[PDB]
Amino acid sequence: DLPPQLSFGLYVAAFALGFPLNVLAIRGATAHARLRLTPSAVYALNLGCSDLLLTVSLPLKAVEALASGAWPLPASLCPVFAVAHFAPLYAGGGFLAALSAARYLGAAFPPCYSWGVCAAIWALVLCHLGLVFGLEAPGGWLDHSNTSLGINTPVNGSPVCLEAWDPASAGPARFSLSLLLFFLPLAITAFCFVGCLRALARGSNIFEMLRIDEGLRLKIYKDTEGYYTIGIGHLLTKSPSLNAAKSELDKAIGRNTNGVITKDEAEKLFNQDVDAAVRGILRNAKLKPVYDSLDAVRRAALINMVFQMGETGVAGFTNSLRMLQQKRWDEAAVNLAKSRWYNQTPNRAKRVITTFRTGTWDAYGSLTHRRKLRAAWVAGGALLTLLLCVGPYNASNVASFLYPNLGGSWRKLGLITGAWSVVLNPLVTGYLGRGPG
């Protein structure tokens, strides 16, 4: 038993904060929907509108809490409060799962359909709640007595909106909807979160990593050390002669290039350069065992080093190589940080070293990688709000259906945590401020 003033206060704090936050989330999602319609924006707009509807019902639940559960408002307001409070409480979980799945699929695999999915979520929640209420609520179709719709009167002078509803009728309705709109979306969200984590881990490679580090030039240029270079970090020669560089360029492409090439030629030269670096590792006694023991992402950081310095230059880092085979990531990093390579190209070296430390693509913050990070944050954030806010409410529905001998204190706590989804949802969906751009 929570004191009425504490219950009133908790509902008022969720309402006072939820009203501006959801007004800001709707604004953010509407802007994105108008500029470039995306499934994520549609799901975020529906969740924003839903949470705002739940927000506006919170003062009514606050005064009910202050009246110790009695309905201190006109009886005709009970059906309106019923739909404004409970339809968003169940629909929200559906929109969070939809949003999490749209974010995961959009990022791991880089409009009209999303509106259909939202209409289906709203149709199910409104028909499920509507049919049970219209038919089985006190004052409903099956009720023959002079009773206001949704109102029970356990004692004289004490009308109760919904909370005194016969459990034999409300219980199976709450339980079935909790399975479909909370537990299934919870599994979907948990699946998308894991999928996002896995997509970050195996979604990039050496080719993409070297493109960021090397860049692209269609004409012969002098690199950082002054050597004639072309394409994607392809060293033509160390010789102080442009004619020698053009001569080497012509033999590599098999055409009279005159120091200028095509993107396809530069790409084909880059592929030959990566295979050469891979060949150099496998033919080296100190490199091959290290490479074989390494995961896919760390193998790429090893190829990146060989591509930049050559097999021999890399084989000289005997302490770091031993450390890497021993899986002593921080000790290898500390050794590589004292190298001439780090002194000469610190930005490039820090990125490769961080890749050896973490085994992730985090140092290579490309558009694709950032989109995947964003997707993981939304799905992780959705999982947290599902478990903390509406989660205790849906677990209470399941607990009471299986063990109806439980008292009503758990449901009372779950309804308060459910109300706080109006605060946590706009904070996790990412449409506040500048947006998820």
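Numbers for residues come from their place in the sequence shown, where the first is 1.
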query: Residues of the deposited sequence left unbuilt between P111 and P110; finding: 4 to 9
query: 59-67 versus 29-37 - greater average Cα B-factor per the deposited record; finding: 29-37
query: Which of 300-308 and 282-290 has higher mean CA B factor, as the PDB entry lists it; finding: 282-290
query: From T257, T358, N335, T318, residue of greatest CA B-factor; finding: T257
query: Residue with highest C-alpha B-factor in the PDB entry, from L89, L269, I188, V83; finding: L269
query: Position of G140 among the chain's modelled residues by C-alpha B-factor, lowest, middle or highest third; finding: highest
query: CA B-factor placement of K263, once the chain's modelled residues are sorted into thirds; finding: highest
query: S178, C-alpha B-factor rank within chain (lowest, middle or highest third); finding: lowest
query: Relative C-alpha B-factor of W341, binned into the chain's lowest, middle or highest third; finding: highest
query: Third of chain Cα B-factors occupied by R370; finding: highest
